[PDB]
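Report on the following structure.
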There are 2 protein chains.
Amino acid sequence: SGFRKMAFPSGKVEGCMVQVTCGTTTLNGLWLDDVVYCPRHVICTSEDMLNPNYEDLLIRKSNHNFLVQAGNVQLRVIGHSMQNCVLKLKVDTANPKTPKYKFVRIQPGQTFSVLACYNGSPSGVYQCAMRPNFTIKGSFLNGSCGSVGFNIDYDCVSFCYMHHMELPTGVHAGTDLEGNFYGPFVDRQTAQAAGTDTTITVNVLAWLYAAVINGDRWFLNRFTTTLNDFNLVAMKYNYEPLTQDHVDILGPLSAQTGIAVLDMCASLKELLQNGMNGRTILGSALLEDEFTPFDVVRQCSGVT
Amino acid sequence: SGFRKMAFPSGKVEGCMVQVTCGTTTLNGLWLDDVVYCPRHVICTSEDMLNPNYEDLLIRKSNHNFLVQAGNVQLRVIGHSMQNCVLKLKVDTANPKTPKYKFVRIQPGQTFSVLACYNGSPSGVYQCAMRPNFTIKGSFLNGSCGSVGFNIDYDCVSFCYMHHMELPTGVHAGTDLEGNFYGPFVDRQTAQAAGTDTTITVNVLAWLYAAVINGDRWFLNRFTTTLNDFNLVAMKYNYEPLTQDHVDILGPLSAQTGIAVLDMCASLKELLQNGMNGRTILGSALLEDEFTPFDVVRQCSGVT
Ligand SMILES: O=C(Cc1cccc(Cl)c1)Nc1cn[nH]c1
Ligand SMILES: O=C(Cc1cccc(Cl)c1)Nc1cn[nH]c1
């Protein structure tokens, strides 16, 4: 009973957090095996984030300029390289707490947990999603750079995000663990506006299924729709277009509740057209889109 | 930038989760030093949760009937005792992963993180609050019993909650780590209705301060109120009465923003009287009450 915005247990990732200092800039690194991953802007001063030439700035840095501290003990840096917008710091010691891991690049609409860190130390964990405009709506102050986003499948941590930047609009931009930014963002102190933040339609439907499973059924109606009819309404409300792939992924939720995906689309169509009318669904007064269909099944079944 | 429902990093608590089996019932235990804490209903069959006499049921149980497994290794039970609604299982081995810890009994309005577990294994972490009716709005399926609620101050885990029961209304009831239930709930399969779920006024005000700090200011008005005037409105909307202790605790948030607590009370009074009018505050279309003033400061300052 109950449905919550739930993050993955963060222990496996906590054992990987380290502090990286270069010059006067300090941020977080991720220590997996004998490599520490961190944003390449650790080599910049605030006075040079305006137009950095990372390759030129890196020439003035040696292994001994990267101060890596895991807890209260210093790691010896024996190599360094830049891969896209991340630095890979080869250290002389393999992290004994390295979990089974993968580096994955996620698609918009996919959710992940963030272990927010400052000075290599974890402050909190929250669940968020890669927005359709490739931003994330996080909670990150200065110094949170290098904090990572991840998913867990039994004992394997799939790292998908590394935090780099806050846009002037208070939304967040970062890279996958290969250093490639999600979206068109660059690691520069220049105005970069985000595109339309559309709603993740398949996730809203998954969350409506979760609501039915937990007793919130007031929004269920006597109607049905088609993918093309639904999508006309989705376009009008800045919702992502629903495809047959999305319908397929909602299959298990549809099978569990006995509510056809297109009937749930009609319920969502009425919610968009009429609003909530002062009512709530799973404690929310707006349509939640940061639960994937997989998250709903996982939480509703008790996967560990 | 950004404000999220954030849980504490769960690693310290993950290292304490074990599985406890008695007969055919399996739930979670908390292993701290050489003692495993778990709900006493682990000794019950579903056929006897209707009217259990725990003292009589416990007479038929010996140390060897409590199967305690930490990961894939079995702990030897050398003693057992019942303290209120929890069982304390003395094991022959101190948990090497025991963090610095305390057992605290929280007041309504206070928030904590829950590490939801099944079969001694963590599934997720979420932030919730002790409701004014002494229930919690969690996410707990059968077998989640023994999952714990906690807070962390640097390296010390203060355990405040152990999950025991779901009420027929889908809300949750549990105990502190001394086995005393929060509220009037008993560990029996009998209908127990919760009281009025009032809104935690001081937490809503703290969250309104967090919204101002992060840029959401549309709700700020030209008005002020008094504690007695505000409380008349709070009574009408099932909000907890605001006291001078609550005003005092909001002092640092008032000092940071330059917004007098009573002026913020007037903003909240208008929000209650007029609603949101289709608008949102920190991504929410309702007034959030599960952030304490301490949570807002901690998150807004980056405490680790
Ligand atoms: O955004 C930054 C620094 C920065 C400026 C410009 C570009 C880059 Cl890569 C990084 N600080 C931040 C605090 N919280 N989240 C991010
Ligand atoms: O509530 C229970 C079992 C129970 C019944 C009656 C009393 C007691 Cl103590 C415990 N199952 C549950 C699943 N999720 N959360 C709780």
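Every residue number used here counts from 1 along the chain in the order it is shown.
So how was this one determined? The header says X-ray crystallography, 2.0 Å.
Even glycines carry a Cβ here, placed using N, Cα and C.
Quick look at what Swiss-Prot annotates:
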{"type": "ACT_SITE", "residues": "A:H41", "note": "active site, for 3CL-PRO activity"}
{"type": "ACT_SITE", "residues": "A:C145", "note": "active site, nucleophile"}
{"type": "CROSSLNK", "residues": "A:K5", "note": "ubiquitin cross-link"}
{"type": "CROSSLNK", "residues": "A:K90", "note": "ubiquitin cross-link"}
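Distribution of Swiss-Prot features across the structure.
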residue : record                            : CB count, 10 Å
A:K5    : ubiquitin cross-link              : 23
A:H41   : active site, for 3CL-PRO activity : 26
A:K90   : ubiquitin cross-link              : 16
A:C145  : active site, nucleophile          : 26
Next on the checklist: For a Cβ distance below 6 Å to any atom of ligand 1, name the recorded positions from A:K5, A:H41, A:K90 that qualify, or say none.
Outcome noted: A:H41
Checklist entry - Of the recorded positions A:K5, A:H41, A:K90, A:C145, which ones put their CB under 6 Å from ligand 2? => result none
Checklist entry - Where A:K5 (ubiquitin cross-link) and A:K90 (ubiquitin cross-link) are concerned, what is their Cα separation in Å, rounded? => result 36
Checklist outcome for this item: Cβ within less than 8 Å of chain B, restricted to recorded positions A:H41, A:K90, A:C145, yields none
Checklist outcome for this item: Whole-Å Cα distance, A:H41 (active site, for 3CL-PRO activity) to A:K90 (ubiquitin cross-link), is 17
Checklist entry - What's the CA-CA gap between A:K90 (ubiquitin cross-link) and A:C145 (active site, nucleophile) in angstrom, rounded? => result 19
Checklist outcome for this item: In the three-state DSSP scheme, A:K90 (ubiquitin cross-link) belongs to strand
